Amino acid sequence: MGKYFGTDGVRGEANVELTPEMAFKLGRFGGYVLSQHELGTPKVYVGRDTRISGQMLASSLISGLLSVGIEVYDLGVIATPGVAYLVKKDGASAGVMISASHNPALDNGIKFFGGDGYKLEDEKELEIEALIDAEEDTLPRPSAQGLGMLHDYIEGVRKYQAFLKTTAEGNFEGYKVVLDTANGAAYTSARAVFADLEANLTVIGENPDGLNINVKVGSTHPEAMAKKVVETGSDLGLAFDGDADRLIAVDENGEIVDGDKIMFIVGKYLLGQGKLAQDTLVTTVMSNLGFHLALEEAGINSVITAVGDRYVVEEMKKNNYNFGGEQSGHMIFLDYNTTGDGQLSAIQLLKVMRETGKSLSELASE
Amino acid sequence: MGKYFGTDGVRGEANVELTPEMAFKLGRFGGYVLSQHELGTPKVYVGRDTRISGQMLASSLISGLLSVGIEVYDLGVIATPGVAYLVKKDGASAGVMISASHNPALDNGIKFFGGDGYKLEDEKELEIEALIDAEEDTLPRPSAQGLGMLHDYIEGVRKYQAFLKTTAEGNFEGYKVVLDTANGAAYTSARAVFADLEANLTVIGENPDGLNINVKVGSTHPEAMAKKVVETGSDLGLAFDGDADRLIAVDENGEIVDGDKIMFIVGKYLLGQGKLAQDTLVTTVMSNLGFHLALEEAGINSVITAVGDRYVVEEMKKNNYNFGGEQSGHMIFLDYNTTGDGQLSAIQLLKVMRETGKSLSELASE
Amino acid sequence: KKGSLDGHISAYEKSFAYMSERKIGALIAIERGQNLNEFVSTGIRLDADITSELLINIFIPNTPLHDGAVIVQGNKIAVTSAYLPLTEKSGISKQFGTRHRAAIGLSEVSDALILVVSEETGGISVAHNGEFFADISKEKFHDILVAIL
Amino acid sequence: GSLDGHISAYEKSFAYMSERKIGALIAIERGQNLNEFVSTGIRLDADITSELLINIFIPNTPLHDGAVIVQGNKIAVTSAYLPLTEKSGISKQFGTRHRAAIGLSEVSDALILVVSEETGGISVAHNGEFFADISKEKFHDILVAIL
Ligand SMILES: Nc1ncnc2c1ncn2[C@@H]1O[C@H](COP(=O)(O)OP(=O)(O)OP(=O)(O)O)[C@@H](O)[C@H]1O
């Protein structure tokens, strides 16, 4: 493994583990390894979470992006799924999301994705680590014409908001929803997507604070979303994460509905509509034994691989299926998204509940 | 020049002579210097010219200064005099501007606009030199609490425009002018400013594409704006510098109006009207020796300060005088703005032409 | 007057805070006992519902709606081409332009409780119903706007 | 409708944006469907006046992104994405915003308000046909033909 980049990229404590100077080195090194195989000046996009230290590392990476000639038409508030969808529909060469996801605000996490739609492969991170760990300095510096100029893609987030609404393939009206961004990135897309869908709006922790991302609200503390959904009479409750990597569900009974129940519900709904797979949906071994037992009773074929979302993505790409999700909440619904997409997973679940009519109380039967 | 400071900040070529990492270092250690001399969180400003490679240095310094604690609100694409006026007006504790003026596109400026309102004080430069000279970077690196978010100040064009409309001192409407933007500081606010006097506007080079700054238009070869004055048939000229500080113009006949000639015209319009209450105005010996003869015939006493506006402003602060500058056209009305402002000089010349009765064909003949 | 306007109060507070960090000094209204319409009949009003983007782009300076103040009724602000009547006293602090003094005048004459962002005084202060407050916390502004919205 | 005030206000706003080089691309609908493409963006439903139009189309501002689509004697759109064109004769010197204004010439049935953000030239492509770089009196005649 790389010394800083690892499984989910590089995740270290801000101004402690990975220096911002090392980030201004890393963006340029990633550019000098990004322009290796494309033609012309390749393009990329960038997004980040709502953390206060998230803006510093993202600004440092954008500063390093103008060192090797990486033109950026980026934003600053989107999910990792948003950057993945923008990379897939934009034909660019790279995409990076700056967020530490479920951890506290004391660390930030920078990871570069793969332009095909999945994460970046082993060769990209290996060459970037080779460039960073090299003692000398060989990165070219474009002074004359050839250096790019940064641009704001603030209108570009509307594409990520519409594509999820397009991938919904049905209005989310009727089912009175209570969304839970919880100081994440869903204050930019989920509120607009639900309001356009004639749904109900009641968001807890929807205002970013800078040091409140994934702090006492969200995927690592789902108490407040369930409490507010029960108190406001929500017929359905959904919650997101800081980087929106995972997804958690708030039931009408005030209990906790987890990713295993979410995967069982999505698998049954796709079995009804005949779009699960050939016969086999991927599965992480960290799911509950009752979940896999109910899956085996349901009859859909289950495959277990190495623990980790990267292994889940590799199994999805190798096994030719169209679904994969671990019980934490990262659900690769590749029939409508390029990579892990909590918002698309919630949209598919709400459409499943609308089309099938199965109750929010009984949705966790399997 | 100190340990790492130039003449008016940092002057050099981006990613060729200066280093972008050194720019982030001069942001961070400079933020430490600014923090070690003022109680409370220091609030600063940032600005940059429209140079092609210019945005990389400004981004790197904005990222570097973002760590030290002083939350540097940034306002890109604005004049240096506009940035100084905004810093001294809104209540800033510091500021930054980036422009190289007469230099070609191969280099960009870096200027730390001090908290006084004039150019940066000696103590600030000495402190920044000390904190970039020592080996260890012992600044307090805040992890989450104390980090400074980057609040964009895109309304910075509006305040700098508002300083022009107050300095109009009456309408400049009716007359016909020519304003060569020169793909520089005039590309953002000066077109709207000269339009805001409700006159006939004929622009040259107002469609900047980054690498077109100070190329075949402006204060480097003023024959083009004069040819446009001859073809368009407007009355007076205006050809801004790189940072909207210097000023020069062509008449309705097409000749060259000197900076000392513009000084003599503004001085006659002042000493006639009694506005220059310190009537022995300052002057530079960098102009022609006959300019002082013209001043002595005009009945206005003149002193001699060294070439450049630094000692000129120093003598202006010493003997409490209002007008005095070099031959480049910095008609720095210290009772109307902060420092050298080509837009303010053009506004004063338009006021002189409006109130003096005689057009511009007779003012320069003194 | 609905829950949409109740959330629009929070949106207007967010816009005023983003103006306070950027010194976009302007004055707004929320009627509190009599109509501002007699003073709000000066210009071309809008009556569009109070949205964050509309106010945050309207109340910027050096533009076609910089002068005057914002006047409101219901869930909407009637554009910006009509300010309230200014003050008449001079025993209070003279440390502002037209904005804080004129809003305190709207407190003195009208029954208003007007949010008026300060460029001449930097922060945000509230003059309300014949009284005032200066440079209060963000939570204070949010609570006051929710209470008297 | 006798829009002797509405068209005059839109013309005055367009000329004011053109002279001072305010960059936008606005529209007012016609006798066919224009609400489905307009519902995407932010909503104001603003009362129509030239000054408010100059305010909304001010550059580098909050509502400075996206088109301005109007219905009737008022305007209701903010940053709603219009359908782009597919005709081959698109001018490269015409902007991508101007390309979007050319988008409506075959998927809508109206005109638009196209102001160049690079040179300020006039442009319009309506009813399939087009009219570009018209003067203030000429665009006034165009709007009178629109009425
Ligand atoms: N489909 C669309 N719907 C609405 N607005 C659009 C659309 N496409 C582009 N725009 C607007 O136009 C902008 C991009 O167009 P662009 O600036 O390239 O063109 P232009 O201003 O006509 O030309 P130039 O850039 O040469 O001045 C976007 O930021 C947006 O505001």
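Residues numbered from 1 in each chain as written, not as in the entry; some residues may be left out. Chains lettered and ligands numbered in written order. Heavy atoms only, no water. Residues with missing side-chain atoms left out of burial classes, pairs and counts.

- This entry, as listed in the PDB, derives from cryo-EM and reports a resolution of 4.84 Å.

## Structural notes on the overall build of chain A
Logical step 1: A count of helices and strands for chain A gives 11 helices and 15 strands.
Logical step 2: Against the 2.2 N^0.38 benchmark of 21 Å for 366 residues, chain A shows a C-alpha radius of gyration of 20 Å, consistent with a compact globule. (Helix = DSSP H or I, 4+ residues; strand = E, 2+ residues; numbered from the N terminus. Rg over C-alpha atoms; globule rule 2.2 N^0.38 Å.)

## Description of the UniProt feature "binding site: Mg(2+)" in chain A
Residues and elements named next belong to chain A.
Logical step 1: The positions that UniProt labels "binding site: Mg(2+)" are, in the present scheme, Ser101, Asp241, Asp243 and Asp245. Of the residues just listed, which span 145 residues, no C-alpha pair is farther apart than 6.8 Å, and they cluster in one region.
Logical step 2: Considering the arrangement of structural elements, one finds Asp243 in the loop between β9 (236-239) and β10 (248-250).
Logical step 3: Tracing the backbone shows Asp245 in the loop between β9 and β10. (UniProt positions renumbered as here; feature names shortened; annotations may be inferred.)

## Remarks on the sheet that holds strand β7 (residues 247-250) of chain B
Residue and element names in this part refer to chain B.
Logical step 1: The strand order across the open sheet built from five strands is β5-β4-β6-β7-β8, with neighbouring strands paired in mixed fashion. Of all strands in the sheet, those with a lone pairing partner are β5 (200-204) and β8 (256-257), marking the two edges.
Logical step 2: In this sheet, β5 lies alongside strand β4 (residues 176-180) in parallel orientation, the contact comprising five bridges. Paired with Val178 across the bridge in β5 is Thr202. (Pairing = 2+ DSSP bridges.)

## Looking at the pairing of strand β13 (residues 301-305) of chain A
Residue and element names in this part refer to chain A.
Logical step 1: In this structure, strand β12 (residues 280-284) lies alongside β13, joined through five bridges in parallel fashion. Pairing of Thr280 across the sheet is with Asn301, part of β13.
Logical step 2: Note on the crossover from β12 through helix α9 (residues 289-298) to β13: the handedness is right-handed. (Right-handed = clockwise from strand over helix to strand, strands pointing away.)

## Re the relation of the copies chain A and chain B
The relation between the two copies of this chain is a rotation about an axis and a shift parallel to it.
Logical step 1: Expressed as a screw operation, the relation of chain A to chain B combines 0.1 Å of axial shift with a rotation of 180°, fitting to an RMSD of 1.2 Å. Expressed as an axis order, the relation between the two copies is that of a two-fold axis.
Logical step 2: Of all interface residues in chain A, 73% are interface residues in chain B too; the two copies therefore contact each other through one and the same surface. (Least-squares fit on C-alpha atoms. Contact = heavy atoms within 4.5 Å.)

## Looking at the UniProt feature "active site" in chain A
Logical step 1: This chain's UniProt record puts "active site" on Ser101(A).
Logical step 2: With respect to the helices and strands, the residue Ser101(A) is situated in the loop between β5 (94-98) and β6 (107-112).

## What to know about the packing of helix α1 (residues 20-35) of chain B against helix α2 (residues 54-65) of chain B
What describes two packed helices is the angle between their axes and the distance between those same axes.
All names here are of chain B.
Logical step 1: Interaxial distance between α1 and α2 falls to 7 Å at its minimum, and their mutual angle equals 40°. Overall, the two elements α1 and α2 adopt an arrangement that is oblique. The handedness of the crossing between α1 and α2 is right-handed. Here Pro20, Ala23, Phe24, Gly27 and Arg28 of α1 lie close against α2, whose contacting residues are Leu57, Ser60, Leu61, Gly64 and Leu65. (Axes fitted to C-alpha atoms, helices over the stretch in contact; angles between N-to-C directions. Parallel < 35°, antiparallel > 145°, perpendicular 65-115°, else oblique. Left-handed = near helix turned anticlockwise from the far one by under 90°.)

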